[PDB]
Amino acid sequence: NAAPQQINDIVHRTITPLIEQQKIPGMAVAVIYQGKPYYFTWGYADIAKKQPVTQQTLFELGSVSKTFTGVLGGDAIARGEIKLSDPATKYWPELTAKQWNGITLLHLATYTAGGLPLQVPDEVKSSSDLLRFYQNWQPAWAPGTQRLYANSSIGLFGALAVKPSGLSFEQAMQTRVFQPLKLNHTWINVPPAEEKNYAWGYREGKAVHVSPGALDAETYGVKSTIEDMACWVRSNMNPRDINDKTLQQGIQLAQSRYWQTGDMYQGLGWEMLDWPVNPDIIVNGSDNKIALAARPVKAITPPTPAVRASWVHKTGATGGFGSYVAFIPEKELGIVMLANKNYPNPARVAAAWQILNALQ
């Protein structure tokens, strides 16, 4: 049972050198210890205005957004609106090209459709551009054989998963995930009153915010504070405490184990490994040479129900920001690291693991 001053000492010994080594302008950390949050802030949200990071600073989550997409998809499954086995064509009948014949919502959600590319092309501006992109796409692999991390995959999952609801992705996310969890400072579109809290991102001496792009909301477009992200981790560790039954079930489905690649299991947005974990696997595995590579998968049948003895995690970047979330449900132990520089994933994962290792 570590005192607050011990949590303080572990965090300052790990994060202080990380910020110095990586030249991170501003950072917020939440440590969840025995289910309670402890917050830490460093540096500036806006360097030019000398505005410090606080607990109400909004950061770009980048691909940590995909964890919200996966849970929203889980909630739609629990409502009986979709099944992951459903063909994508059920929800987008204009996808008539033959290569779409056996591609399912599961394949899109879990990057296993057969080599959908990392990014939607920058030239895709309209609905009709997006249809033409998917209609002309040629798979490198048969469905359900290879995992290739891709915004064009889970982005389309998020867009199709909400069609039965009749809601936009943004409305579905606000009404079915943000509002029931009281994430009142979490946004896809930052409102005018909240702009004063929106940190700048920093890339090679430029102050930047993420640009609009196709399927951005579903893949890299969420902004949140360290407090709402600590709540997000607590909610994903303890779904049985959530009153909204389909959202409790959706959280559980997003940590179900659908595919295995090496020592990792693919959930909906979340990625999972057995705890205790070999930190070399998660640190080296976060390097883009492994994280962006195609890797063979085996289906898990039935999908394993969410394992509480897991390292559950997700990295995320935008041009100006770098985020990481990891937690271990069985231990009620977790961490959120939000920074306004996109610094290398291995440094994030190593620091997170050193802190949670120290507190086990």
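In this text, residue numbers run from 1 along the sequence as written.
With 96-104 and 268-276 compared on mean CA B-factor from the PDB entry, the stretch scoring higher is 96-104.
Looking at 190-198 and 113-121 together, the entry lists the larger mean B-factor for 190-198, computed on C-alpha atoms. Note on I10, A339, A347, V336: the highest value goes to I10, judged by CA B factor as recorded. Take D75, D216, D228, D241 and read off each C-alpha B-factor from the entry; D241 has the highest.
Split the chain's modelled residues into thirds by C-alpha temperature factor. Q255 is in the lowest one. Per-chain ranking of the deposited C-alpha B factor places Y220 in the lowest third.
In the deposited entry, the Cα temperature factor of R295 places it in the middle third of its chain's modelled residues. In this PDB entry, the Cα temperature factor of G26 sits in the bottom third of its chain's modelled residues, the lowest group. Sorting the modelled residues of the chain by their CA temperature factor places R147 in the lowest third.
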